[PDB]
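Worksheet for the structure shown next.
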Amino acid sequence: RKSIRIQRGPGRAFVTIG
């Protein structure tokens with residue numbers, strides 16, 4: 001699994017990739 005700290009909202013957060 002992988003995740004990224006996106007510069008989008010709501011607010012800076014970590015989303016998963018796949």
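Here's how to read the names in the structure tokens: chain A, B, ... by the order shown, residue numbers from 1 in each chain, ligand numbers from 1 in the order shown.
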| What's the 10 Å shell around residue 5 of chain A, counting only C-alpha atoms, without same-chain residues fewer than 6 positions away, as a list in words? | residues 12, 13, 14, 15 and 16 of chain A
| request: Please report, as an MDAnalysis selection string, each residue of chain A to which DSSP assigns strand (DSSP E or B) when run on this structure's backbone. | output: chainID A and resid 2:6 13:17
Can you write out the residues you just picked, keeping N, CA, C and O atoms, as a short mmCIF file (atom, residue, chain, number, x, y, z; two decimals), in the first residue's frame?
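That gives us again_11.cif:
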```cif
data_model
loop_
_atom_site.label_atom_id
_atom_site.label_comp_id
_atom_site.auth_asym_id
_atom_site.auth_seq_id
_atom_site.Cartn_x
_atom_site.Cartn_y
_atom_site.Cartn_z
N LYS A 2 0.29 2.37 -0.42
CA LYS A 2 1.01 3.64 -0.46
C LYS A 2 0.05 4.79 -0.19
O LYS A 2 -1.14 4.69 -0.48
N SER A 3 0.57 5.88 0.35
CA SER A 3 -0.24 7.06 0.63
C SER A 3 0.56 8.33 0.34
O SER A 3 1.79 8.31 0.36
N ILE A 4 -0.14 9.43 0.10
CA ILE A 4 0.52 10.70 -0.18
C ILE A 4 -0.08 11.84 0.64
O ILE A 4 -1.29 11.88 0.88
N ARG A 5 0.77 12.79 0.99
CA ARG A 5 0.33 13.98 1.70
C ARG A 5 -0.01 15.03 0.65
O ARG A 5 0.86 15.76 0.18
N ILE A 6 -1.26 15.06 0.25
CA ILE A 6 -1.69 15.97 -0.80
C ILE A 6 -1.83 17.40 -0.28
O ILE A 6 -2.14 17.62 0.90
N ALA A 13 -3.66 16.43 4.29
CA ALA A 13 -3.87 15.11 4.86
C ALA A 13 -3.18 14.04 4.04
O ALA A 13 -2.57 14.33 3.01
N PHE A 14 -3.27 12.80 4.49
CA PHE A 14 -2.65 11.68 3.79
C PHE A 14 -3.71 10.79 3.16
O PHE A 14 -4.56 10.23 3.86
N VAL A 15 -3.65 10.66 1.85
CA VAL A 15 -4.59 9.82 1.12
C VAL A 15 -3.87 8.58 0.60
O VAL A 15 -2.67 8.61 0.38
N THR A 16 -4.62 7.51 0.43
CA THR A 16 -4.03 6.26 -0.04
C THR A 16 -4.04 6.19 -1.56
O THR A 16 -4.85 6.84 -2.22
N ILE A 17 -3.14 5.39 -2.11
CA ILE A 17 -3.02 5.21 -3.54
C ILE A 17 -3.22 3.74 -3.90
O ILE A 17 -3.14 2.86 -3.04
#
```
